[PDB]
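Each remark here refers to the structure printed beneath this line.
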Amino acid sequence: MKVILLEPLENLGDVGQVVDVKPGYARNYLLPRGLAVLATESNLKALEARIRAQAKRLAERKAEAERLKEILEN
RNA sequence: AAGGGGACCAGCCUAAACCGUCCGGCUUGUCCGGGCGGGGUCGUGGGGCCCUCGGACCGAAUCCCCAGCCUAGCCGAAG
Ligand SMILES: [Mg+2]
Ligand SMILES: [Mg+2]
Ligand SMILES: [Mg+2]
Ligand SMILES: [Mg+2]
Ligand SMILES: [Mg+2]
Ligand SMILES: [Mg+2]
Ligand SMILES: [Mg+2]
Ligand SMILES: [Mg+2]
Ligand SMILES: [Mg+2]
Ligand SMILES: [Mg+2]
Ligand SMILES: [Mg+2]
């Protein structure tokens with residue numbers, strides 16, 4: 001069963017990552033303890049949009065600076 | 001059971017894509033979800049979206065009126 005981790009988890013996987021666990025594990029431990037969520041299409045979308053939105057504001061800072069290399073350094 | 005002969009005869013509405021709107025969530029949006037509206041409905045496959053061209057008739061199973069019908073009656077020949 002595919003779930004998306006909400007946290008780093010000892011020898012399972014890393015936050016945001018999509019892993020495969022026994023339905024029991026997911027339903028009766030992972031999900032109830034907030035540690036993960038079903039890899040539904042609908043919240044697979046969302047994880048993708050977060051990966052997307054983080055990657056925007058990061059490469060957008062690696063540009064706000066690189067541009068400030070141009071004001072100084074000259 | 002098909003098929004043949006008959007009775008009757010009638011076909012429609014959606015879900016999804018996509019577009020819009022309100023509402024809610026927290027893991028802030030190019031987000032996810034729920035309501036509503038638009039769109040769409042099919043087997044020669046149909047639809048959506050994007051180009052090109054083209055730009056009145058049909059019509060209810062709903063509603064309204066009416067004929068007709070029912071719920072009392074009445075006239076009715078000649079010892
Ligand atoms: Mg048979
Ligand atoms: Mg027959
Ligand atoms: Mg027949
Ligand atoms: Mg008959
Ligand atoms: Mg939705
Ligand atoms: Mg929406
Ligand atoms: Mg909606
Ligand atoms: Mg087609
Ligand atoms: Mg109808
Ligand atoms: Mg009499
Ligand atoms: Mg008499």
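Ordering of the structure tokens sets the chain letters (A, B, ...), residue numbers begin anew at 1 in every chain, and ligands are numbered from 1 in the order given.
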Note to self: Residues within 12 Å of residue 30 (chain A), please, as an MDAnalysis selection string. Count only C-alpha atoms (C1' of nucleotides); anything in the same chain fewer than 3 positions from it doesn't count.
What the structure shows: chainID A and resid 1:7 9 12 19:27 33:38
Checklist line | Which of region 5-72 of chain A DSSP labels alpha helix (DSSP H), written as an NGL selection string | finding: :A and (23-25 or 41-71)
With C-alpha atoms retained, could you export that selection as a compact mmCIF listing (two decimals), in the first residue's frame?
```txt
# COMPACT_ATOMS: atom_id res chain seq x y z
CA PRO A 23 -2.18 -2.00 4.78
CA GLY A 24 -2.24 -2.92 8.43
CA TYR A 25 0.78 -0.77 9.16
CA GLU A 41 -4.33 10.61 -6.64
CA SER A 42 -5.79 13.66 -4.96
CA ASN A 43 -3.01 14.02 -2.37
CA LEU A 44 -0.32 12.79 -4.68
CA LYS A 45 -1.25 15.93 -6.63
CA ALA A 46 -0.71 18.08 -3.57
CA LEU A 47 2.71 16.63 -2.74
CA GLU A 48 3.68 17.35 -6.31
CA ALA A 49 2.50 20.97 -5.95
CA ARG A 50 4.51 21.37 -2.78
CA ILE A 51 7.65 19.94 -4.41
CA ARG A 52 6.89 22.39 -7.16
CA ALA A 53 6.27 25.39 -4.91
CA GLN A 54 9.31 24.79 -2.76
CA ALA A 55 11.47 24.40 -5.88
CA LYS A 56 10.11 27.76 -7.10
CA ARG A 57 10.95 29.79 -4.02
CA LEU A 58 14.36 28.09 -3.69
CA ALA A 59 15.55 28.68 -7.30
CA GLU A 60 13.97 32.10 -6.94
CA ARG A 61 16.28 32.88 -4.01
CA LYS A 62 19.30 31.35 -5.84
CA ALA A 63 18.36 34.05 -8.35
CA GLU A 64 17.71 36.97 -5.95
CA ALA A 65 21.30 36.46 -4.74
CA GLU A 66 23.07 35.64 -8.06
CA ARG A 67 21.59 39.03 -9.17
CA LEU A 68 23.15 40.62 -6.08
CA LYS A 69 26.44 39.10 -7.18
CA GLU A 70 25.92 41.39 -10.21
CA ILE A 71 25.34 44.65 -8.19
```
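Every residue of chain B that lies within 9 Å of chain A is listed here, counting only C-alpha atoms (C1' of nucleotides): residues 27, 29, 30, 31, 32 and 33 of chain B.
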Could those residues be written to a file, using N, CA and C atoms (P, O5', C5', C4', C3', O3' and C1' of nucleotides), as a PDB file, in the first residue's frame?
```
ATOM      1  P     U B  27      -0.192  21.777   8.979  1.00  0.00           P
ATOM      2  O5'   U B  27       0.845  21.146   7.920  1.00  0.00           O
ATOM      3  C5'   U B  27       2.024  21.839   7.487  1.00  0.00           C
ATOM      4  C4'   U B  27       2.019  22.072   5.984  1.00  0.00           C
ATOM      5  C3'   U B  27       0.760  22.774   5.417  1.00  0.00           C
ATOM      6  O3'   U B  27       1.092  23.654   4.329  1.00  0.00           O
ATOM      7  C1'   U B  27       1.125  20.763   4.259  1.00  0.00           C
ATOM      8  P     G B  29       3.134  28.540  -1.728  1.00  0.00           P
ATOM      9  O5'   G B  29       2.328  28.888  -3.077  1.00  0.00           O
ATOM     10  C5'   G B  29       0.892  28.904  -3.075  1.00  0.00           C
ATOM     11  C4'   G B  29       0.286  28.013  -4.154  1.00  0.00           C
ATOM     12  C3'   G B  29      -0.525  28.774  -5.208  1.00  0.00           C
ATOM     13  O3'   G B  29      -0.323  28.206  -6.511  1.00  0.00           O
ATOM     14  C1'   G B  29      -1.978  27.278  -3.973  1.00  0.00           C
ATOM     15  P     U B  30       0.769  28.886  -7.490  1.00  0.00           P
ATOM     16  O5'   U B  30      -0.057  29.176  -8.841  1.00  0.00           O
ATOM     17  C5'   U B  30      -1.489  29.182  -8.879  1.00  0.00           C
ATOM     18  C4'   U B  30      -2.042  27.944  -9.556  1.00  0.00           C
ATOM     19  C3'   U B  30      -2.043  26.675  -8.686  1.00  0.00           C
ATOM     20  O3'   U B  30      -3.198  25.857  -8.970  1.00  0.00           O
ATOM     21  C1'   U B  30      -0.680  26.325 -10.605  1.00  0.00           C
ATOM     22  P     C B  31      -4.441  25.730  -7.927  1.00  0.00           P
ATOM     23  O5'   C B  31      -3.912  24.704  -6.836  1.00  0.00           O
ATOM     24  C5'   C B  31      -3.164  23.561  -7.210  1.00  0.00           C
ATOM     25  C4'   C B  31      -2.892  22.732  -5.994  1.00  0.00           C
ATOM     26  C3'   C B  31      -4.061  21.869  -5.545  1.00  0.00           C
ATOM     27  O3'   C B  31      -4.169  20.657  -6.276  1.00  0.00           O
ATOM     28  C1'   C B  31      -3.269  23.114  -3.707  1.00  0.00           C
ATOM     29  P     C B  32      -5.590  20.205  -6.875  1.00  0.00           P
ATOM     30  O5'   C B  32      -6.190  19.356  -5.694  1.00  0.00           O
ATOM     31  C5'   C B  32      -5.411  18.378  -5.049  1.00  0.00           C
ATOM     32  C4'   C B  32      -6.020  18.101  -3.714  1.00  0.00           C
ATOM     33  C3'   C B  32      -7.531  18.044  -3.733  1.00  0.00           C
ATOM     34  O3'   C B  32      -8.052  16.848  -4.291  1.00  0.00           O
ATOM     35  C1'   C B  32      -6.849  19.418  -1.965  1.00  0.00           C
ATOM     36  P     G B  33      -9.459  16.852  -5.092  1.00  0.00           P
ATOM     37  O5'   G B  33     -10.523  17.111  -3.939  1.00  0.00           O
ATOM     38  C5'   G B  33     -10.582  16.213  -2.847  1.00  0.00           C
ATOM     39  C4'   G B  33     -11.413  16.758  -1.729  1.00  0.00           C
ATOM     40  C3'   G B  33     -12.822  17.181  -2.097  1.00  0.00           C
ATOM     41  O3'   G B  33     -13.717  16.086  -2.213  1.00  0.00           O
ATOM     42  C1'   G B  33     -11.815  18.881  -0.840  1.00  0.00           C
TER      43        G B  33
END
```
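Going from atom 1 (Mg, counted along the ligand's line) of ligand 3 over to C1' of residue 2 (chain B), you cover 11.3 Å.
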Checklist line | Every residue of chain A that DSSP places in strand (DSSP E or B), as an NGL selection string | finding: :A and (2-5 or 9 or 13 or 18-20 or 36-38)
Go ahead and write the residues just picked, C-alpha atoms, as a PDB file, in the first residue's frame.
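Contents of result-v9.pdb, freshly written:
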```
ATOM      1  CA  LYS A   2       1.389   3.317  -1.025  1.00  0.00           C
ATOM      2  CA  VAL A   3       1.679   6.065   1.485  1.00  0.00           C
ATOM      3  CA  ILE A   4       3.428   9.409   1.522  1.00  0.00           C
ATOM      4  CA  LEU A   5       5.590   9.916   4.578  1.00  0.00           C
ATOM      5  CA  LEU A   9      11.149   7.356   9.521  1.00  0.00           C
ATOM      6  CA  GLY A  13      11.929   6.510   4.254  1.00  0.00           C
ATOM      7  CA  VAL A  18       6.377   7.616  -1.566  1.00  0.00           C
ATOM      8  CA  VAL A  19       6.766   4.190   0.014  1.00  0.00           C
ATOM      9  CA  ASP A  20       5.022   0.818   0.096  1.00  0.00           C
ATOM     10  CA  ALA A  36       1.724   9.516   6.731  1.00  0.00           C
ATOM     11  CA  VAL A  37      -1.168   9.758   4.311  1.00  0.00           C
ATOM     12  CA  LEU A  38      -2.573   7.583   1.539  1.00  0.00           C
TER      13      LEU A  38
END
```
Next item on the list: Could you tell me, counting only C-alpha atoms (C1' of nucleotides) and all ligand atoms, which protein and nucleic acid residues lie no more than 10 Å from ligand 9, written as a PyMOL selection string?
Entry: chain B and resi 11-13+60-62
Next item on the list: Return as a ChimeraX atom specification every polymer residue, whether protein, DNA or RNA, with at least one atom no more than 12 Å from an atom of ligand 7; count only C-alpha atoms (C1' of nucleotides) and all ligand atoms.
Entry: /B:19-24,32-38
The selected residues should be written to file as a PDB file, in the first residue's frame (atoms: C-alpha atoms (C1' of nucleotides)).
```pdb
ATOM      1  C1'   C B  19     -14.984  26.298 -17.573  1.00  0.00           C
ATOM      2  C1'   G B  20     -17.078  29.527 -13.649  1.00  0.00           C
ATOM      3  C1'   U B  21     -18.614  30.528  -8.504  1.00  0.00           C
ATOM      4  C1'   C B  22     -19.304  30.145  -3.225  1.00  0.00           C
ATOM      5  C1'   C B  23     -17.633  27.560   1.012  1.00  0.00           C
ATOM      6  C1'   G B  24     -14.033  24.742   4.063  1.00  0.00           C
ATOM      7  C1'   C B  32      -6.849  19.418  -1.965  1.00  0.00           C
ATOM      8  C1'   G B  33     -11.815  18.881  -0.840  1.00  0.00           C
ATOM      9  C1'   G B  34     -17.425  19.910  -0.673  1.00  0.00           C
ATOM     10  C1'   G B  35     -21.931  22.517  -2.633  1.00  0.00           C
ATOM     11  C1'   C B  36     -24.014  25.069  -6.838  1.00  0.00           C
ATOM     12  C1'   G B  37     -23.982  26.616 -12.225  1.00  0.00           C
ATOM     13  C1'   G B  38     -22.154  25.793 -17.076  1.00  0.00           C
TER      14        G B  38
END
```
Next item on the list: List all protein, DNA and RNA residues that have an atom no more than 12 Å from any atom of ligand 4, counting only C-alpha atoms (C1' of nucleotides) and all ligand atoms, and report them as a list in words.
Entry: residues 6, 7 and 8 of chain B
Next item on the list: Residues within 9 Å of ligand 3 should be enumerated using only C-alpha atoms (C1' of nucleotides) and all ligand atoms and returned as a list in words.
Entry: residues 3, 4, 5 and 6 of chain B
Please report, as JSON lines, each residue of chain B lying at most 8 Å from ligand 8, together with the nearest pair of atoms and the separation in Å rounded to one decimal; use only C-alpha atoms (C1' of nucleotides) and all ligand atoms, and order rows by chain and ascending residue number.
```
{"residue": "B:45", "atom": "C1'", "partner": "ligand 8", "partner_atom_place_in_ligand_line": "1 (Mg)", "distance": 7.7}
{"residue": "B:46", "atom": "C1'", "partner": "ligand 8", "partner_atom_place_in_ligand_line": "1 (Mg)", "distance": 6.7}
{"residue": "B:47", "atom": "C1'", "partner": "ligand 8", "partner_atom_place_in_ligand_line": "1 (Mg)", "distance": 7.0}
```
Restrict the selected residues to N, CA and C atoms (P, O5', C5', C4', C3', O3' and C1' of nucleotides) and save them as a PDB file, in the first residue's frame.
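Saved as again.pdb:
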```
ATOM      1  P     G B  45     -16.904   3.680 -36.711  1.00  0.00           P
ATOM      2  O5'   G B  45     -17.475   4.904 -35.877  1.00  0.00           O
ATOM      3  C5'   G B  45     -16.798   5.377 -34.730  1.00  0.00           C
ATOM      4  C4'   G B  45     -17.789   5.644 -33.640  1.00  0.00           C
ATOM      5  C3'   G B  45     -17.837   7.044 -33.066  1.00  0.00           C
ATOM      6  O3'   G B  45     -18.596   7.930 -33.849  1.00  0.00           O
ATOM      7  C1'   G B  45     -17.848   5.486 -31.320  1.00  0.00           C
ATOM      8  P     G B  46     -18.248   9.489 -33.800  1.00  0.00           P
ATOM      9  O5'   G B  46     -18.755   9.996 -32.379  1.00  0.00           O
ATOM     10  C5'   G B  46     -20.119   9.998 -32.009  1.00  0.00           C
ATOM     11  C4'   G B  46     -20.257  10.295 -30.536  1.00  0.00           C
ATOM     12  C3'   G B  46     -19.645  11.588 -30.051  1.00  0.00           C
ATOM     13  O3'   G B  46     -20.392  12.727 -30.403  1.00  0.00           O
ATOM     14  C1'   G B  46     -19.112   9.897 -28.529  1.00  0.00           C
ATOM     15  P     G B  47     -19.614  14.058 -30.786  1.00  0.00           P
ATOM     16  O5'   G B  47     -19.056  14.561 -29.373  1.00  0.00           O
ATOM     17  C5'   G B  47     -19.941  14.959 -28.348  1.00  0.00           C
ATOM     18  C4'   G B  47     -19.280  14.928 -26.986  1.00  0.00           C
ATOM     19  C3'   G B  47     -18.244  15.977 -26.666  1.00  0.00           C
ATOM     20  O3'   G B  47     -18.791  17.250 -26.388  1.00  0.00           O
ATOM     21  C1'   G B  47     -17.479  13.901 -25.919  1.00  0.00           C
TER      22        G B  47
END
```
Check: Hey, which residues come within 12 Å of ligand 10 if we count only C-alpha atoms (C1' of nucleotides) and all ligand atoms? Could you give them as a ChimeraX atom specification?
Finding: /B:74-77
Margin query: Could you tell me how far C1' of residue 18 (chain B) sits from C1' of residue 49 (chain B), in Å to one decimal place?
Written below: 6.8 Å
